[PDB]
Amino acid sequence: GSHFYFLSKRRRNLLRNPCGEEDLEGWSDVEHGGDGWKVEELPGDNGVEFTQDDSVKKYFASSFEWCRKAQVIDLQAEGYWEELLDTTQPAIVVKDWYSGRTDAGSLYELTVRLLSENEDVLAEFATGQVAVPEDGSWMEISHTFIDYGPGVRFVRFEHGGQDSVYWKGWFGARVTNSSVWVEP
């Protein structure tokens, strides 16, 4: 019956369609560079298996110019009261998984912002451009926002990838299993 108990019980991934099971539905500000985003089934051509969740069967593949996509989550509509967010400032945990092919290098970027109701940027985590592992292995990136102050209403998740070779097709970074949740 404590708050810790309820927030633990209500913890769930607030991002829609994290793996591409619904194609691009639920993603906004979609930028299709080169040949655009494409959804592929695991394990990818010249790629490795997703040993970590098993319910993950698909990923998004990028191309030869930047492919980006974003989602904005309304924390209040998901039932996190403004008073709770202002006073307790519970942990907002962001994770993403990325990999590349073994026949070509690639690059990935993630930018996550906490936003007020008027879209003021209250906190920001940005990777910059990251070199994807050459060996095809899946890598997790994780960030926890805490002590971010009052006023947080939205989380804007944005990520992207491109290849390092400039080749027609889908040789860029692959992303999947993206998540945002609130934990005590």
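Counting begins at 1, following the sequence as shown.
Judged by mean Cα B factor in the deposited record, 45-53 ranks above the other of 45-53 and 62-70.
For the segment pair 166-174 and 18-26, the entry gives 18-26 the higher mean B-factor, averaged over Cα atoms. Per the deposited coordinates, the residue with the largest Cα temperature factor out of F154, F145, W138, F157 is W138. The PDB entry assigns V130 a C-alpha temperature factor belonging to the highest third of its chain's modelled residues. Ranked against the other modelled residues of its chain, the C-alpha B-factor of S106 as given in the entry falls in the lowest third.
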